[PDB]
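Q: Here you go, coords-v9.cif (mmCIF, C-alpha atoms):
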```
data_final
#
loop_
_atom_site.group_PDB
_atom_site.id
_atom_site.type_symbol
_atom_site.label_atom_id
_atom_site.label_comp_id
_atom_site.auth_asym_id
_atom_site.auth_seq_id
_atom_site.Cartn_x
_atom_site.Cartn_y
_atom_site.Cartn_z
ATOM 1 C CA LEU A 841 39.956 42.528 -38.467
ATOM 2 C CA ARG A 842 37.531 39.998 -37.004
ATOM 3 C CA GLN A 843 36.379 42.614 -34.519
ATOM 4 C CA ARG A 844 36.046 44.957 -37.480
ATOM 5 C CA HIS A 845 33.948 42.338 -39.247
ATOM 6 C CA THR A 846 31.751 41.960 -36.178
ATOM 7 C CA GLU A 847 31.243 45.712 -35.996
ATOM 8 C CA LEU A 848 30.673 45.846 -39.746
ATOM 9 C CA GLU A 849 27.941 43.238 -39.372
ATOM 10 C CA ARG A 850 26.443 45.303 -36.573
ATOM 11 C CA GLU A 851 26.533 48.283 -38.925
ATOM 12 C CA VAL A 852 24.896 46.274 -41.705
ATOM 13 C CA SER A 853 22.160 45.398 -39.235
ATOM 14 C CA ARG A 854 21.752 49.036 -38.239
ATOM 15 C CA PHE A 855 21.583 50.225 -41.845
ATOM 16 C CA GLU A 856 19.060 47.546 -42.709
ATOM 17 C CA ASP A 857 16.930 48.457 -39.706
ATOM 18 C CA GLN A 858 17.019 52.147 -40.557
ATOM 19 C CA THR A 859 16.343 51.624 -44.256
ATOM 20 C CA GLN A 860 13.444 49.279 -43.570
ATOM 21 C CA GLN A 861 11.845 51.432 -40.900
ATOM 22 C CA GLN A 862 12.196 54.619 -42.929
ATOM 23 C CA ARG A 863 11.067 53.146 -46.249
ATOM 24 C CA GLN A 864 8.012 51.480 -44.724
ATOM 25 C CA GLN A 865 7.054 54.523 -42.653
ATOM 26 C CA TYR A 866 7.526 56.951 -45.522
ATOM 27 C CA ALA A 867 5.679 54.531 -47.793
ATOM 28 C CA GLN A 868 2.645 54.773 -45.530
ATOM 29 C CA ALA A 869 3.235 58.523 -45.480
ATOM 30 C CA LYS A 870 3.283 58.500 -49.284
ATOM 31 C CA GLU A 871 0.037 56.539 -49.284
ATOM 32 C CA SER A 872 -1.599 59.016 -46.910
ATOM 33 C CA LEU A 873 -0.381 61.973 -48.967
ATOM 34 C CA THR A 874 -1.634 60.341 -52.156
ATOM 35 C CA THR A 875 -5.020 59.767 -50.551
ATOM 36 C CA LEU A 876 -5.191 63.394 -49.435
ATOM 37 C CA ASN A 877 -4.066 64.887 -52.746
ATOM 38 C CA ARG A 878 -6.356 62.528 -54.686
ATOM 39 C CA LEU A 879 -9.590 62.551 -52.699
ATOM 40 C CA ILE A 880 -9.274 65.984 -51.108
ATOM 41 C CA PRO A 881 -6.653 68.149 -52.857
ATOM 42 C CA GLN A 882 -8.501 71.259 -51.672
ATOM 43 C CA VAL A 883 -11.791 69.528 -52.416
ATOM 44 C CA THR A 884 -12.445 70.694 -48.858
ATOM 45 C CA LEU A 885 -12.270 74.247 -50.180
ATOM 46 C CA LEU A 886 -14.829 73.253 -52.801
ATOM 47 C CA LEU A 887 -16.879 72.004 -49.871
ATOM 48 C CA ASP A 888 -15.710 75.250 -48.228
ATOM 49 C CA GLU A 889 -17.427 74.147 -45.004
ATOM 50 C CA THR A 890 -20.307 76.077 -46.531
ATOM 51 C CA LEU B 841 43.557 51.129 -62.989
ATOM 52 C CA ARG B 842 43.752 54.541 -64.654
ATOM 53 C CA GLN B 843 42.250 53.074 -67.812
ATOM 54 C CA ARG B 844 39.575 51.703 -65.495
ATOM 55 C CA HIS B 845 39.225 55.239 -64.135
ATOM 56 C CA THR B 846 38.623 56.513 -67.662
ATOM 57 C CA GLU B 847 35.999 53.872 -68.429
ATOM 58 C CA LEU B 848 34.373 54.419 -65.038
ATOM 59 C CA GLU B 849 34.181 58.140 -65.760
ATOM 60 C CA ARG B 850 32.538 57.388 -69.103
ATOM 61 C CA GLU B 851 29.963 55.194 -67.375
ATOM 62 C CA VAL B 852 29.365 57.848 -64.717
ATOM 63 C CA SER B 853 28.862 60.518 -67.365
ATOM 64 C CA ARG B 854 26.336 58.332 -69.173
ATOM 65 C CA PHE B 855 24.404 57.484 -66.007
ATOM 66 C CA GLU B 856 24.502 61.076 -64.762
ATOM 67 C CA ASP B 857 23.106 62.360 -68.046
ATOM 68 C CA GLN B 858 20.404 59.700 -68.211
ATOM 69 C CA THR B 859 19.388 60.268 -64.593
ATOM 70 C CA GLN B 860 19.264 64.038 -65.011
ATOM 71 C CA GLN B 861 17.058 63.890 -68.096
ATOM 72 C CA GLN B 862 14.864 61.099 -66.735
ATOM 73 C CA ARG B 863 14.315 62.842 -63.412
ATOM 74 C CA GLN B 864 13.593 66.149 -65.141
ATOM 75 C CA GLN B 865 10.945 64.717 -67.465
ATOM 76 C CA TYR B 866 9.395 62.522 -64.779
ATOM 77 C CA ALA B 867 9.384 65.452 -62.360
ATOM 78 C CA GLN B 868 7.626 67.499 -65.033
ATOM 79 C CA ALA B 869 5.096 64.694 -65.501
ATOM 80 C CA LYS B 870 4.638 64.486 -61.730
ATOM 81 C CA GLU B 871 4.098 68.246 -61.680
ATOM 82 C CA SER B 872 1.556 67.847 -64.472
ATOM 83 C CA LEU B 873 -0.249 65.249 -62.364
ATOM 84 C CA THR B 874 -0.210 67.618 -59.394
ATOM 85 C CA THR B 875 -1.583 70.431 -61.556
ATOM 86 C CA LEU B 876 -4.346 68.103 -62.739
ATOM 87 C CA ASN B 877 -5.365 66.947 -59.261
ATOM 88 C CA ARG B 878 -4.890 70.489 -57.888
ATOM 89 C CA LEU B 879 -6.567 72.730 -60.470
ATOM 90 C CA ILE B 880 -8.953 70.040 -61.742
ATOM 91 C CA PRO B 881 -9.093 67.140 -59.260
ATOM 92 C CA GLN B 882 -12.453 66.298 -60.822
ATOM 93 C CA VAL B 883 -13.216 70.001 -60.356
ATOM 94 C CA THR B 884 -14.394 69.684 -63.961
ATOM 95 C CA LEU B 885 -17.467 68.020 -62.448
ATOM 96 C CA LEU B 886 -18.274 71.237 -60.593
ATOM 97 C CA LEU B 887 -17.457 73.152 -63.764
ATOM 98 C CA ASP B 888 -19.531 70.513 -65.588
ATOM 99 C CA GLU B 889 -19.179 72.546 -68.814
ATOM 100 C CA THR B 890 -22.668 73.866 -68.069
ATOM 101 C CA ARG C 545 1.866 71.927 -71.539
ATOM 102 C CA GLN C 546 1.820 68.140 -71.857
ATOM 103 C CA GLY C 547 -0.257 66.828 -74.683
ATOM 104 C CA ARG C 548 -1.826 69.506 -76.891
ATOM 105 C CA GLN C 549 -5.520 68.864 -76.376
ATOM 106 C CA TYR C 550 -4.966 65.306 -75.201
ATOM 107 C CA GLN C 551 -8.584 64.409 -74.364
ATOM 108 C CA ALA C 552 -8.944 67.142 -71.745
ATOM 109 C CA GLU C 553 -12.734 66.677 -71.898
ATOM 110 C CA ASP C 554 -12.401 63.575 -69.698
ATOM 111 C CA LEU C 555 -8.770 63.238 -68.644
ATOM 112 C CA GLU C 556 -9.224 61.042 -65.547
ATOM 113 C CA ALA C 557 -7.406 58.035 -66.999
ATOM 114 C CA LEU C 558 -4.292 60.079 -67.740
ATOM 115 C CA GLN C 559 -3.771 60.777 -64.039
ATOM 116 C CA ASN C 560 -3.536 57.038 -63.403
ATOM 117 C CA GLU C 561 -1.050 56.824 -66.259
ATOM 118 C CA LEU C 562 1.001 59.567 -64.642
ATOM 119 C CA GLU C 563 0.913 57.577 -61.412
ATOM 120 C CA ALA C 564 2.710 54.752 -63.190
ATOM 121 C CA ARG C 565 5.075 57.351 -64.615
ATOM 122 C CA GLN C 566 5.537 58.723 -61.114
ATOM 123 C CA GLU C 567 6.412 55.218 -59.955
ATOM 124 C CA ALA C 568 8.738 54.712 -62.909
ATOM 125 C CA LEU C 569 10.385 57.953 -61.801
ATOM 126 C CA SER C 570 11.596 56.547 -58.486
ATOM 127 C CA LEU C 571 12.776 53.292 -60.033
ATOM 128 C CA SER C 572 14.330 55.062 -63.004
ATOM 129 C CA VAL C 573 16.274 57.312 -60.640
ATOM 130 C CA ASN C 574 16.880 54.918 -57.743
ATOM 131 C CA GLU C 575 18.712 52.516 -60.032
ATOM 132 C CA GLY C 576 20.475 55.216 -62.033
ATOM 133 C CA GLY C 577 22.062 57.023 -59.119
ATOM 134 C CA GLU C 578 22.901 53.744 -57.429
ATOM 135 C CA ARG C 579 24.801 52.629 -60.523
ATOM 136 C CA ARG C 580 26.890 55.787 -60.722
ATOM 137 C CA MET C 581 27.083 55.784 -56.931
ATOM 138 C CA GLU C 582 28.386 52.226 -57.065
ATOM 139 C CA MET C 583 31.154 53.111 -59.489
ATOM 140 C CA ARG C 584 31.943 56.180 -57.397
ATOM 141 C CA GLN C 585 32.793 53.854 -54.531
ATOM 142 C CA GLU C 586 34.759 51.700 -56.949
ATOM 143 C CA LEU C 587 36.382 54.800 -58.398
ATOM 144 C CA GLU C 588 37.533 55.746 -54.918
ATOM 145 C CA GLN C 589 38.785 52.212 -54.385
ATOM 146 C CA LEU C 590 40.657 52.370 -57.679
ATOM 147 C CA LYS C 591 42.181 55.706 -56.729
ATOM 148 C CA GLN C 592 43.275 54.304 -53.386
ATOM 149 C CA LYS C 593 44.834 51.277 -55.046
ATOM 150 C CA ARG D 545 -6.715 56.303 -40.872
ATOM 151 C CA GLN D 546 -3.899 58.797 -40.278
ATOM 152 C CA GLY D 547 -4.497 60.813 -37.159
ATOM 153 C CA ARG D 548 -7.941 60.570 -35.612
ATOM 154 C CA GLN D 549 -9.166 64.113 -36.154
ATOM 155 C CA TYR D 550 -6.287 65.720 -37.981
ATOM 156 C CA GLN D 551 -6.770 69.423 -38.782
ATOM 157 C CA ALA D 552 -9.211 68.523 -41.546
ATOM 158 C CA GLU D 553 -10.318 72.163 -41.435
ATOM 159 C CA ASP D 554 -7.031 73.112 -43.138
ATOM 160 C CA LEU D 555 -4.655 70.299 -44.086
ATOM 161 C CA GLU D 556 -2.532 71.807 -46.885
ATOM 162 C CA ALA D 557 0.343 72.400 -44.479
ATOM 163 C CA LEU D 558 0.226 68.692 -43.677
ATOM 164 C CA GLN D 559 0.325 67.812 -47.367
ATOM 165 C CA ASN D 560 3.404 70.010 -47.745
ATOM 166 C CA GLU D 561 5.069 68.458 -44.705
ATOM 167 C CA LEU D 562 4.434 64.983 -46.078
ATOM 168 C CA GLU D 563 6.008 66.097 -49.346
ATOM 169 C CA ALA D 564 9.034 67.089 -47.280
ATOM 170 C CA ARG D 565 8.954 63.653 -45.670
ATOM 171 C CA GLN D 566 8.929 61.964 -49.080
ATOM 172 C CA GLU D 567 11.971 64.028 -49.981
ATOM 173 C CA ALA D 568 13.357 62.610 -46.746
ATOM 174 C CA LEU D 569 12.423 59.146 -48.032
ATOM 175 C CA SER D 570 14.517 59.650 -51.144
ATOM 176 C CA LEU D 571 17.479 61.130 -49.299
ATOM 177 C CA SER D 572 17.453 58.537 -46.522
ATOM 178 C CA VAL D 573 17.142 55.548 -48.838
ATOM 179 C CA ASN D 574 19.938 56.736 -51.120
ATOM 180 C CA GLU D 575 22.155 57.463 -48.111
ATOM 181 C CA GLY D 576 21.536 54.073 -46.545
ATOM 182 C CA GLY D 577 22.202 52.277 -49.806
ATOM 183 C CA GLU D 578 25.441 54.111 -50.524
ATOM 184 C CA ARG D 579 26.759 53.687 -46.996
ATOM 185 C CA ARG D 580 25.865 50.017 -46.706
ATOM 186 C CA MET D 581 27.331 49.123 -50.093
ATOM 187 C CA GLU D 582 30.500 51.124 -49.404
ATOM 188 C CA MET D 583 30.969 49.381 -46.079
ATOM 189 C CA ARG D 584 30.250 46.078 -47.823
ATOM 190 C CA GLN D 585 33.153 46.880 -50.136
ATOM 191 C CA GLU D 586 35.129 47.570 -46.974
ATOM 192 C CA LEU D 587 34.025 44.191 -45.633
ATOM 193 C CA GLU D 588 35.349 42.598 -48.799
ATOM 194 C CA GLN D 589 38.663 44.391 -48.413
ATOM 195 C CA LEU D 590 38.848 43.240 -44.801
ATOM 196 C CA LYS D 591 38.063 39.692 -45.869
ATOM 197 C CA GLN D 592 40.865 39.641 -48.410
ATOM 198 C CA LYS D 593 43.162 41.150 -45.801
#
```
Show this structure as structure tokens.

A:
Amino acid sequence: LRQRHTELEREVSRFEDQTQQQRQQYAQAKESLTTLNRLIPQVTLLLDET
Amino acid sequence: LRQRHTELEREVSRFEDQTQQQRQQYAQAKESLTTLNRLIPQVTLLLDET
Amino acid sequence: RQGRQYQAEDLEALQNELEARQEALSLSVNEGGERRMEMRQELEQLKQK
Amino acid sequence: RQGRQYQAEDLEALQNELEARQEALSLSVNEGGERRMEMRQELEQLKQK
């Protein structure tokens, strides 16, 4: 059970690492998507590269 | 523990309902925001009601 | 569709409002599911017991 | 800021992909939370044992 606890702690660490990494990364991704869909949600088409 | 099962099921039903409605309305509001910044992301300025 | 005329002449501000709503979406769901999810685990535990 | 010159000529596909990645955000976060809390309950069981 102590070995189980050690492995469970390792698993807690792994979950925390994954959740952090993913939430931060996808938060920056969300920010980038928001910037695109705010500033240039097909505003480029309005520009149309005319 | 079976009485606890019953009460837990009641709580789950309540939360499930609330989450379903909340997510539906907020998804609709999100979709409204997307329609705004997609059809009229300040495209009204180009329209300009001239 | 949402609002009936709802100041469509200059609706900029509303988008920002929706942003808050959008945020409140995640929260409002993230907690909700978690709660039920929590009890689901407990439910399983109860069943096992 | 993201990329350096990143298909600005046509970026809608990228917007869609990032939407998919936000869906991934939701799924991944919920999955991590459920698993970690379930295995925390397991930790508690192991402790009592």

Q: The PyMOL selection byres ((chain D) within 9 of (chain C)) on the file shown: which residues, as a PyMOL selection string?

A: chain D and resi 570+573-574+577-578+581-582+585

Q: Convert the output of the PyMOL selection byres ((chain B) within 7 of (chain A)) on the shown file into explicit residues, formatted as an mmCIF file with C-alpha atoms, keeping the file's coordinate frame.

A:
```cif
data_model
loop_
_atom_site.group_PDB
_atom_site.id
_atom_site.type_symbol
_atom_site.label_atom_id
_atom_site.label_comp_id
_atom_site.auth_asym_id
_atom_site.auth_seq_id
_atom_site.Cartn_x
_atom_site.Cartn_y
_atom_site.Cartn_z
ATOM 1 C CA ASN B 877 -5.365 66.947 -59.261
ATOM 2 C CA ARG B 878 -4.890 70.489 -57.888
ATOM 3 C CA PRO B 881 -9.093 67.140 -59.260
#
```

Q: Dump as number ranges by chain the residues of chain C that approach chain B to within 7 Å, counting all atoms listed in the file.

A: C: 559, 562, 565-566, 569, 573, 576-577, 580, 583, 587, 590

Q: Over every C-alpha pair, in sequence order, do a least-squares fit of chain A onto chain B and save the fitted chain as a PDB file with C-alpha atoms, keeping the file's coordinate frame.

A:
```pdb
ATOM      1  CA  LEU A 841      42.891  49.462 -64.948  1.00  0.00           C
ATOM      2  CA  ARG A 842      43.367  52.891 -66.509  1.00  0.00           C
ATOM      3  CA  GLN A 843      41.104  51.852 -69.362  1.00  0.00           C
ATOM      4  CA  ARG A 844      38.686  50.639 -66.707  1.00  0.00           C
ATOM      5  CA  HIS A 845      38.912  54.033 -65.029  1.00  0.00           C
ATOM      6  CA  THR A 846      38.234  55.764 -68.336  1.00  0.00           C
ATOM      7  CA  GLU A 847      35.191  53.585 -68.931  1.00  0.00           C
ATOM      8  CA  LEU A 848      34.096  54.080 -65.330  1.00  0.00           C
ATOM      9  CA  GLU A 849      34.246  57.836 -65.855  1.00  0.00           C
ATOM     10  CA  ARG A 850      32.207  57.409 -69.018  1.00  0.00           C
ATOM     11  CA  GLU A 851      29.705  55.428 -66.959  1.00  0.00           C
ATOM     12  CA  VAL A 852      29.625  58.115 -64.273  1.00  0.00           C
ATOM     13  CA  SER A 853      28.854  60.606 -67.022  1.00  0.00           C
ATOM     14  CA  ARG A 854      26.094  58.394 -68.394  1.00  0.00           C
ATOM     15  CA  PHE A 855      24.521  57.873 -64.974  1.00  0.00           C
ATOM     16  CA  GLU A 856      24.657  61.579 -64.242  1.00  0.00           C
ATOM     17  CA  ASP A 857      23.073  62.390 -67.591  1.00  0.00           C
ATOM     18  CA  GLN A 858      20.301  59.861 -67.077  1.00  0.00           C
ATOM     19  CA  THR A 859      19.624  60.876 -63.482  1.00  0.00           C
ATOM     20  CA  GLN A 860      19.522  64.563 -64.362  1.00  0.00           C
ATOM     21  CA  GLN A 861      17.330  64.157 -67.420  1.00  0.00           C
ATOM     22  CA  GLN A 862      14.904  61.829 -65.661  1.00  0.00           C
ATOM     23  CA  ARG A 863      14.682  63.804 -62.419  1.00  0.00           C
ATOM     24  CA  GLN A 864      14.119  67.107 -64.210  1.00  0.00           C
ATOM     25  CA  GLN A 865      11.605  65.654 -66.667  1.00  0.00           C
ATOM     26  CA  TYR A 866       9.675  63.789 -63.993  1.00  0.00           C
ATOM     27  CA  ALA A 867       9.839  66.887 -61.801  1.00  0.00           C
ATOM     28  CA  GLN A 868       8.021  68.847 -64.491  1.00  0.00           C
ATOM     29  CA  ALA A 869       5.686  65.870 -64.797  1.00  0.00           C
ATOM     30  CA  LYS A 870       5.108  66.020 -61.040  1.00  0.00           C
ATOM     31  CA  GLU A 871       4.383  69.731 -61.330  1.00  0.00           C
ATOM     32  CA  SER A 872       1.881  69.146 -64.131  1.00  0.00           C
ATOM     33  CA  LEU A 873       0.194  66.339 -62.198  1.00  0.00           C
ATOM     34  CA  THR A 874       0.027  68.507 -59.088  1.00  0.00           C
ATOM     35  CA  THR A 875      -1.538  71.309 -61.106  1.00  0.00           C
ATOM     36  CA  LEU A 876      -4.113  68.925 -62.561  1.00  0.00           C
ATOM     37  CA  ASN A 877      -5.001  67.235 -59.272  1.00  0.00           C
ATOM     38  CA  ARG A 878      -5.121  70.601 -57.476  1.00  0.00           C
ATOM     39  CA  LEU A 879      -6.957  72.870 -59.903  1.00  0.00           C
ATOM     40  CA  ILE A 880      -8.989  70.239 -61.738  1.00  0.00           C
ATOM     41  CA  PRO A 881      -9.116  66.926 -59.834  1.00  0.00           C
ATOM     42  CA  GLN A 882     -12.416  66.120 -61.552  1.00  0.00           C
ATOM     43  CA  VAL A 883     -13.461  69.741 -61.136  1.00  0.00           C
ATOM     44  CA  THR A 884     -14.159  69.271 -64.842  1.00  0.00           C
ATOM     45  CA  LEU A 885     -16.852  66.793 -63.839  1.00  0.00           C
ATOM     46  CA  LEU A 886     -18.258  69.461 -61.535  1.00  0.00           C
ATOM     47  CA  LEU A 887     -18.226  71.681 -64.604  1.00  0.00           C
ATOM     48  CA  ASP A 888     -19.546  68.549 -66.350  1.00  0.00           C
ATOM     49  CA  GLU A 889     -19.350  70.413 -69.674  1.00  0.00           C
ATOM     50  CA  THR A 890     -22.922  71.285 -68.761  1.00  0.00           C
TER      51      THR A 890
END
```

Q: One decimal, in Å: what's the spacing between atom CA of residue 579 of chain C and atom CA of residue 850 of chain B?

A: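 Interatomic distance here is 12.5 Å.
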
Q: Given identical sequences, what C-alpha RMSD separates chain C from chain D after least-squares superposition over all Cα in order?

A: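 Between these identical-sequence chains, the C-alpha RMSD is 1.2 Å.
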
Q: For segment 581-593 of chain C, what centre and edge lengths in Å (one decimal) does the axis-aligned box get once 4 Å is added on each side of all its listed atoms, as lines of an AutoDock Vina configuration file?

A:
```
center_x = 36.0
center_y = 53.7
center_z = -56.4
size_x = 25.8
size_y = 12.9
size_z = 14.1
```

Q: I'd like the interatomic distance between atom CA of residue 568 of chain C and atom CA of residue 549 of chain C, to a tenth of an Å.

A: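 Atom-to-atom, atom CA of residue 568 of chain C and atom CA of residue 549 of chain C are spaced 24.2 Å apart.
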
Q: Quick one: distance from atom CA of residue 561 of chain C to atom CA of residue 561 of chain D in Å, one decimal?

A: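 Calculated distance between atom CA of residue 561 of chain C and atom CA of residue 561 of chain D is 25.2 Å.
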